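[1] first portion of the complex, with coordinates as positioned in the assembly:
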Amino acid sequence: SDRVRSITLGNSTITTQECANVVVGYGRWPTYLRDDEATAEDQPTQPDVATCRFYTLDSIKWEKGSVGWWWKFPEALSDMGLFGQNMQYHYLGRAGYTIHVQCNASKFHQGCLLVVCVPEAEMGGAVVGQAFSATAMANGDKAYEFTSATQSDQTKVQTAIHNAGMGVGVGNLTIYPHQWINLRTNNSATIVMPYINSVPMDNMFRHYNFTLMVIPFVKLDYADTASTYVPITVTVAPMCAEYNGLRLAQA
Amino acid sequence: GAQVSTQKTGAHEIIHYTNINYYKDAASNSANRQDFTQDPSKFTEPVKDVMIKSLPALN
Amino acid sequence: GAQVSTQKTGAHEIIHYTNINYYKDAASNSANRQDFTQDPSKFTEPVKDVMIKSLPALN
């Protein structure tokens, strides 16, 4: 059977018994930087099993009225294990990611989720012509919630779900690497995202490489059961991570 | 140092043109709009395991 | 990639000209008004059975 997959990174393993295939970015597997593309001169560090491992972020609740959530990386993992320490102590970084989302329910539940990774997911503020701080869009590993109605508070991003906070049709997100979690036949989605950027390396505290979004296209529904909510959990594992430019640790 | 290549035409109807470069910078050349290679697999089949159309998608 | 061909002249009086294409689209070429093939049979003899001029048209 091809419906069972096992993934092993470092000292952690992920086993799924009802999973779809695995999506690999744009057909490109993560790899280390080549000699003829590098620009920095000093030797890069390559913590391997220490940084490359699965790290489970906090879990969320899925209710009948949920609208969606998003996470920004690597700011989500900025304070997770030795990966956060390496980010803090280094000026440059580079790594691919493997994203796994878990969501299980009985055969009597119905619903559908869209899992997509959006590189360079620039977002606009609620009030056009008014800036927002670096807290309405990333504050660690906590999830940020979309809104059904138009956002009105000026200190946060426009959370209109149908526009996805990017001024584009929410239904056209299929272009990016993505997967669906249909409760009929699937419980989890796996995406392998290589390093995508315009430069060989970049600072992981100043730049958000990509954004992860989970949007329920078909709202959850059930009847006559003792389960009131369906938890969702997200797991991420850096791959082929390397750093450069050691310095004092960013506060 | 003159390049001779075919020019666009129809299915069943000297279809040659000559080009010469006058400047020392490649940025001054004309558009190279004669390339027609494409591959949609990167966006249509991003899966890891190859799936055959005839066989069931799952199991 | 230069084409040399004869140009129109009289019966008993270097009658050559050179042409080169500069554009990548065949629609940009000059008119090909040097073709003189014609066949009036399609409109003058549309009958099925061939009729000989010398013999009677019918019977």
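    Structure's in. What do you need? Residues are numbered from 1 along each chain as shown, chains lettered A, B, ... in the order given.
[2] hang on, residue B:22 in a helix?
    No. Judged by DSSP: H, G, I helix; E, B strand; the rest coil, residue B:22 forms no part of a helix; its state is coil.
[3] count the residues that sit near it.
    Look at residue B:22: counted by other C-beta atoms under 10 Å in any protein chain shown, it has 6 neighbours. The way it works is simple: take the backbone N, C-alpha and C, and place the C-beta from them, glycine included.
[4] do the same with residue A:20
    22.
[5] excluding its backbone neighbours, what's nearest it?
    residue A:186 (5.3 Å; C-beta to C-beta, 6 or more residues apart in numbering or on different chains).
[6] hang on, that neighbour packs against residue A:113?
    No. Between residue A:186 and residue A:113 there is no contact under C-beta atoms under 8 Å: 9.1 Å.
[7] now do the shared contacts for the two.
    residue A:180 (C-beta atoms under 8 Å, 6 or more residues apart in numbering or on different chains).
[8] higher neighbour count, those two?
    residue A:113 (24 against 20).
[9] residues of the host helix or strand of the more buried one that come out buried?
    Taking DSSP states H and E as the criterion, residue A:113 maps to strand A:110-119. Within strand A:110-119, the residues that qualify as buried are A:111, A:112, A:113, A:114, A:115, A:116, A:117, A:118, counting by 16 or more other C-beta atoms under 10 Å in any protein chain shown.
[10] so which elements touch it?
    Packed against strand A:110-119, as judged by 3 or more C-beta pairs under 8 Å, 6 or more residues apart in numbering or on different chains; DSSP states H and E, are the following elements: strand A:90-102, strand A:178-182, strand A:188-193, strand A:210-221.
[11] which one of these lies closest to chain B?
    Of all those, it is strand A:188-193 that lies closest to chain B, at 7.7 Å by C-beta to the nearest C-beta.
[12] now do the residue nearest to the spatial centre of chain B against residue C:9, distance only.
    Geometric centre of chain B, nearest residue: residue B:36, 2.0 Å, by C-alpha atoms, centre = their mean. Counting by C-beta to C-beta, to the nearest Å, the separation of residue B:36 from residue C:9 is 43 Å.
[13] can you check residue A:249 too?
    In terms of C-beta to C-beta, residue A:249 sits 91 Å off from residue C:9.
[14] the residue of the stretch 101-250 of chain A found nearest chain B and residue A:119, how far apart?
    When scored by C-beta to the nearest C-beta, the stretch 101-250 of chain A has residue A:177 as its residue closest to chain B, at 6.1 Å. Per C-beta to C-beta, residue A:177 is found 9 Å from residue A:119.
[15] and residue A:83, what element?
    helix A:81-89.
[16] ok, now which ones touch the residue most central in space within chain A?
    Nearest to the mean C-alpha position of chain A, by C-alpha atoms, centre = their mean, lies residue A:212 at 3.6 Å. Residues near residue A:212 by C-beta under 8 Å, 6+ apart: A:70, A:71, A:72, A:73, A:99, A:115, A:116, A:117, A:118, A:234.
[17] put chain D onto that model:
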Amino acid sequence: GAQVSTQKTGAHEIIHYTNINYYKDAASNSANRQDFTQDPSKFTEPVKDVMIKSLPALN
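    Okay, here's chain D dropped in alongside the others:
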């Protein structure tokens, strides 16, 4: 009497151009900005005795 030479381009991306001189004076030619030879020794190592980087500068 036409000179064919390569034109500037990038690392991994017909890169040829033709030049002809029309005037009888060499001063009328275009700039010869395609020379890239350099030697900083005249200003960086004007010493008489050669000094090895690894060994001590003096004694």
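[18] the neighbour count of residue B:22 again please, this time with chain D.
    The burial count for residue B:22: 9, using other C-beta under 10 Å.
[19] can you tell me the closest non-neighbouring residue to it?
    Using C-beta to C-beta, 6+ apart, the nearest residue to residue B:22 is residue D:17, at 6.3 Å.
[20] please apply the same query to residue A:173.
    residue A:116 (5.1 Å).
[21] right, and residue A:140 touches residue A:73 too?
    No. In this structure residue A:140 lies outside contact range of residue A:73 using C-beta under 8 Å: 11.6 Å.
[22] of the two, give the one with the bigger neighbour count.
    residue A:73 (20 against 15).
[23] what residues are up against the more buried one?
    A:97, A:208, A:209, A:210, A:211, A:212, A:236.
[24] for residue B:48, same thing?
    So, once contact is read as C-beta under 8 Å, 6+ apart, residue B:48 ends up touching A:21, A:22, A:23, A:24, A:192.
[25] restrict those residues to those near chain B?
    A:21, A:22, A:23, A:24, A:192 (C-beta under 8 Å from any C-beta of the partner chain).
[26] pipe these into JSON lines and attach neighbour count and secondary structure per row.
    Below are these laid out as JSON lines (neighbours: other C-beta atoms under 10 Å in any protein chain shown; DSSP: H, G, I helix; E, B strand; the rest coil):
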{"residue": "A:21", "neighbour count": "19", "secondary structure": "coil"}
{"residue": "A:22", "neighbour count": "18", "secondary structure": "coil"}
{"residue": "A:23", "neighbour count": "22", "secondary structure": "strand"}
{"residue": "A:24", "neighbour count": "20", "secondary structure": "strand"}
{"residue": "A:192", "neighbour count": "23", "secondary structure": "strand"}
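[27] can I get these in CSV with distance to residue A:123?
    Output for these, formatted as CSV (distance: C-beta to C-beta, whole Å):
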residue, distance to residue A:123
A:21, 30
A:22, 29
A:23, 24
A:24, 27
A:192, 25
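[28] so which of the residues you listed would you say is closest to residue D:30?
    residue A:24 (52.1 Å; C-beta to C-beta).
[29] surely that closest one meets residue B:49?
    No. With contact defined as C-beta under 8 Å, residue A:24 does not reach residue B:49; the gap is 10.0 Å.
[30] confirm that residue B:43 sits in a strand.
    No. Counting by three-state DSSP, one finds residue B:43 to be helix, located in no strand.
[31] OK, contacts around it?
    A:26, A:175.
[32] relative to chain D, how far out is it?
    Note on residue B:43: its distance to chain D, by C-beta to the nearest C-beta, to the nearest Å, is 23 Å.
[33] contact residues of chain A facing chain B?
    Counting by C-beta under 8 Å from any C-beta, chain A sits next to chain B at A:1-3, A:20-27, A:175, A:177, A:185, A:192.
[34] and the closest residue to residue A:78 other than its chain neighbours, how many residues sit next to it?
    Distance criterion C-beta to C-beta, 6+ apart; nearest residue to residue A:78, sequence neighbours excluded, is residue A:84 at 5.4 Å. Residues near residue A:84, counting by other C-beta under 10 Å, number 16.
[35] same structure, new chain, call it chain E:
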Amino acid sequence: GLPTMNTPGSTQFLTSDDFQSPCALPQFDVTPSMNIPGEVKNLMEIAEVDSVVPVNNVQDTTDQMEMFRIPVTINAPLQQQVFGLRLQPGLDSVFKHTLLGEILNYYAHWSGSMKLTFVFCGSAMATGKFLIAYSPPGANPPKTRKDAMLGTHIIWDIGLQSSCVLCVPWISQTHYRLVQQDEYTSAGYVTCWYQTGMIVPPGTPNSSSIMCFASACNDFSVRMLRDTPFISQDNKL
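    That brings us to chain E, laid onto the chains above:
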């Protein structure tokens, strides 16, 4: 010097010309190229990717996300219509803003076949059958399942495989069709009807939803680059 004579069109500025021009930064050294993942060499590659179609435009959608879900129910009057739409990928409101309609709106002519994929997002214990039919152009669209069945159609059975594909063939009198479609270049209709009905066991929701995905086949193509009408401005930004 060499005798010459200027022909008509000299000193004109054509926005779609191909001529060499002098370089303003001679002997400039460009940054070395790097193979970023996900290179696109043709807009058709984008055009072949699926996208969700907002079929439920009922003029009373207080929630925008409701546009993407096609309602379904138990105890459905026998042989009922699920949905009906006109096949104008570049003009009809349904396909106007899709990932495919956006691409076609930059062109004037199009040709080739299309793919419509339907996915059932109900309970695992639910079951049913549906008839999806494509009706070529005609003087009247179908009004019953008996009329619909006469054209190209496929019987969809809901089971472990949650998705079925309806391939719309390219049936036309001309090699190409106008994006701004009219009566002359009409393309037909697409409709879905109940085949057996939806049956659910006790302790399950009484309603379900379906979603549709639209994309182009490998024989699709476009032509005549025009400017899209969806975007406009009144003053300089």
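[36] once more on the contacts of residue B:48, this time with chain E?
    Contacts of residue B:48 by C-beta under 8 Å, 6+ apart are A:21, A:22, A:23, A:24, A:192.
[37] so the third one sits right up against residue A:176, yeah?
    By that I understand residue A:23. No. Between residue A:23 and residue A:176 there is no contact under C-beta under 8 Å: 10.4 Å.
[38] one step back: quick one: the helix holding residue A:83 to chain centroid distance?
    Computed by C-alpha atoms, centre = their mean, to the nearest Å, the chain-centroid distance of helix A:81-89 equals 18 Å.
[39] chain E contacts on chain B?
    B:21-25, B:27-31, B:33, B:35, B:37-40, B:42-44, B:56-59.
[40] oops, could you answer that again for the stretch 1-150 of chain A instead?
    A:25, A:26, A:27, A:28, A:37, A:107, A:108, A:109, A:110, A:111, A:112, A:148.
[41] filter the residues you listed down to the buried ones, ChimeraX style.
    To isolate the buried ones among the residues of the stretch 1-150 of chain A next to chain E in ChimeraX, judged by 16+ other C-beta under 10 Å, type:
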select /A:25,26,27,28,108,109,110,111,112
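[42] so what's residue E:211 bridging to?
    residue E:119 (DSSP bridges).
[43] run a quick neighbour tally on it.
    23.
[44] enumerate every residue touching residue A:157.
    Residue A:157 neighbours (C-beta under 8 Å, 6+ apart): A:123, A:124, A:125, A:126, A:132, A:136, A:137, A:151, A:165.
[45] report the beta-bridge partners for it.
    With DSSP bridges as the rule, residue A:157 is bridged to residue A:125.
[46] smallest gap between chain E and chain D, at which residue?
    For chain E, C-beta to the nearest C-beta, closest residue to chain D: residue E:32, 4.1 Å.
[47] that residue: neighbouring residues, count only.
    12.
[48] ok and the residue in chain A nearest chain D?
    residue A:36 (8.7 Å).
[49] could you verify that that residue is part of a strand?
    No. Residue A:36 is assigned coil when assessed by three-state DSSP, not a strand.
[50] what is the neighbour count of it?
    Neighbours of residue A:36 using other C-beta under 10 Å come to 9.
[51] ok, the one 5 residues further on next?
    By the measure other C-beta under 10 Å, the count of residues near residue A:41 is 6.
[52] how far away is it from residue A:15?
    Taking C-beta to C-beta, one finds residue A:41 at 43 Å from residue A:15.
[53] now do residue A:85
    29 Å.
[54] ok, residue A:132 next?
    Distance of residue A:132 to residue A:15, computed by C-beta to C-beta: 40 Å.
[55] ok, now residue A:242?
    Taking C-beta to C-beta, one finds residue A:242 at 28 Å from residue A:15.
[56] what residues does chain E put near chain A?
    Going by C-beta under 8 Å from any C-beta, the residues of chain E near chain A are E:32, E:34, E:36-38, E:46, E:49-54, E:63-65, E:68-69, E:97-99, E:102, E:119-126, E:160, E:162, E:203-205, E:207-209, E:211, E:213.
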